[PDB]
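Structural description and commentary
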Amino acid sequence: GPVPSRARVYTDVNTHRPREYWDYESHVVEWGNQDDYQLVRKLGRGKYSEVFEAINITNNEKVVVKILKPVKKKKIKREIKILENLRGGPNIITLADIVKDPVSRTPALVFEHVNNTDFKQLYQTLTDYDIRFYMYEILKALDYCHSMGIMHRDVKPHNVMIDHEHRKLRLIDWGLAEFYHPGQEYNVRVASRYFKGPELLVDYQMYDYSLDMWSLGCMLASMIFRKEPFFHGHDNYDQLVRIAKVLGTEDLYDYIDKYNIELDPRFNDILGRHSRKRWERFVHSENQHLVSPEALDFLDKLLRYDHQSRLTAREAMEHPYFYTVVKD
Ligand SMILES: Cc1cc(O)c2c(c1)C(=O)c1cc(O)cc(O)c1C2=O
Ligand SMILES: [Cl-]
Ligand SMILES: [Cl-]
């Protein structure tokens, strides 16, 4: 059957850590005092949680409270451990506390306040300079978590929280994140549709950090071309067709052939034959100010079928695209 695959970076990071670092199931949670926090306003509800603006009365400071809808104790211990492991890293949201909600009878995670503005609200009106700035900020977070043996697996605009006033950015919702263990098969039902990598859409389970680099490419493509979403499928099948209509079918077959993967036969009446399009195709009078040779070279190196050929976060940080961005 399928050919095995392994990350080309940070391959062995968890194999060398102590069990406690990755054996999240065996994590003993440390509970604070729910009384410290007063909920103020419901901000959002997803499939797995409700998010509240709250205040910590024991210091008067604003926090964000995420009350975990019941899902699976593993997934709850998973997110908590990952957040503790990544706490303090560049541009990672900071878990401040964990308390029991008395009404829900479930864990509530308390995070340090971020402004109520996700990236999707602003990423379509940014200057060329700011797209690069904020991409580099996102890259800091991704390389950090990948270096720590963790893939986010749900990179998308809504999961990027941005304080555009203070030019600050946080990567949030680590509820789908997982520890990378070389040779391990993962669930392909992660990420939002538009941001799903081809590996997920062809049901290839032995994926890695590079999945996140595909989603980041989908965000970049959407910002520089002002097309939201860039790959707009009506379902998971058409999503791959949408990608094929840009990257071409010959490279898709080369990919699945490399990994000895067999597409769903559903694809035969739907996929057709498509050439690789040149990126200049998606440039027009309304986005040309956001497009440059460097942008297009960079995007090209992110948006590749073969998850092994994509730029890593760190390589992405080296790209000439970021040379105009002032570094701290
Ligand atoms: C509308 C909205 C506003 C937010 O501030 C957050 C979220 C949603 C959110 O989902 C979220 C998830 C999370 O894991 C950590 C957070 O700080 C958050 C958030 O902070
Ligand atoms: Cl999962
Ligand atoms: Cl990486």
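Looking at the PDB entry, the chain carries the name Casein kinase II subunit alpha, with the source organism given as Homo sapiens. What the PDB record gives as the title of this entry is "Low pH-value crystal structure of emodin in complex with the catalytic subunit of protein kinase CK2". If you open the UniProt record of the chain and go to Subcellular location, you find "Nucleus".

1. Considerations on the site of ligand 1
Around ligand 1 sit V51, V64, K66, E79, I93, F111, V114, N116, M161, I172 and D173, and that is every residue in its neighbourhood. Contact distances for ligand 1 include 2.8 Å between an oxygen atom and a side-chain N or O atom of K66. With respect to ligand 1, the backbone of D173 contributes an N or O atom lying 3.1 Å from an oxygen atom. Across the shell around ligand 1, the residue classes tally to seven nonpolar, one polar and three charged. When residues of the shell around ligand 1 are sorted by domain, at least three fall in each of domain 1 (5–22 + 114–328) and domain 2 (23–113).

2. Details of the UniProt feature "active site" in the chain
As annotated in UniProt, the feature "active site" corresponds to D154 in the numbering used here. Locating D154 in the fold gives a position in the loop between strand 6 (150–151) and strand 7 (160–163). If near-sequence neighbours (up to four positions away) are discounted, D154 is found in contact with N159, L176, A191, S192 and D212.

Reading the values: rules and limits
Residues numbered from 1 in each chain as written, not as in the entry; some residues may be left out. Chains lettered and ligands numbered in written order. Heavy atoms only, no water. UniProt positions renumbered as here; feature names shortened; annotations may be inferred. Near = heavy atom within 4 Å. Polar contact = N/O pair within 3.5 Å; in protein donor to acceptor, adjacent residues only side chain to side chain. Nonpolar A, V, L, I, M, F, W, Y, C, P; charged D, E, K, R; others polar. Domains from an automatic or database assignment. Helix = DSSP H or I, 4+ residues; strand = E, 2+ residues; numbered from the N terminus. Contact = heavy atoms within 4.5 Å.

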